[PDB]
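Here are two versions of the same chain, shown separately as structure tokens and labelled structure 1 and structure 2.
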Structure 1
């Protein structure tokens, strides 16, 4: 039960950005000071050779982020590789069962996972994904344990529309509900 925390107790976030850098995106929402303190954000592009001992010595984490390449075609690796490696480190970053503080995780997909990779992702992450539309106001799938990313009612769009669209402000609105749990910076 991840209840809300009083404002005078909200410690600053310590996140783990995997396969993409969201520091310049998390800064804009004031989750971390521009002054370069070391422990606020850790970013790794290639995970292949990292061990649980690396994740544990990198300080405890409150947020673990996951993201696939955004149609950049700079993909040496299969699309399922980004999901499997993200699941391997989340168990490394998860703390002891007794929860001292809130722990959140998120994995987003930039429409690079086919239907076969999708049901594998929702099964390993233990929840079906929600779809956030950003392309046509006038789009990414998100797996996350954060409540307000499985709570509010976004634009219910069809899969035939998602198929035709395949032929950052919205993913910034799902980073927002983590603000009622940690420090606010301006």
Structure 2
């Protein structure tokens, strides 16, 4: 839990987003400002050769975001790869214990992870996921962002069988209590 910041102290969030780019989705809610072409968002897609010194130089960061490739895109990478790699660089980006400041991370799955993959995710990201539906598509989200209903897995099971920024956006809005509100 983080205390909330009075409105005059809030600052523009610095976000590192992996695999996906949420740049102009996150500006749509006012977290970034259009004009910073060297914006406060850093986008990388092939993390496999990135060192801690790389993340530290692009830092500091206040939000770290990663997501599985979209369900359908037949990936060139094992679905857990996006998890373990997200985990690796998130630990490079955390604030030091000596300087605690608001700092949040998000990971979202497109139903591209099977259930043994899911138990790894919830063990490494230290929490069960939240299942956010669309009524047909759905995503799973792990994050420490404080958030604001019921579905069983057989719908998703059969949906996944058969073969999405809308659902990921809303949860981004408790972050307004911490950073500047542009637009």
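Positions refer to the first chain, counted from 1. Here, rigid core means the biggest group of C-alpha atoms that superpose within 1.5 Å across both forms.
Core-superposed comparison between the two structures: the CA of residue 99 exceeds or equals a 2 Å shift.
CA movement of residue 174 between the two structures equals 1.0 Å, with the two forms superposed on the rigid core. Its Cα shifted by 0.2 Å between the two structures, residue 50 is reported here after superposition on the rigid core. Core-based superposition between the two structures puts the Cα shift at residue 39 at 4.8 Å.
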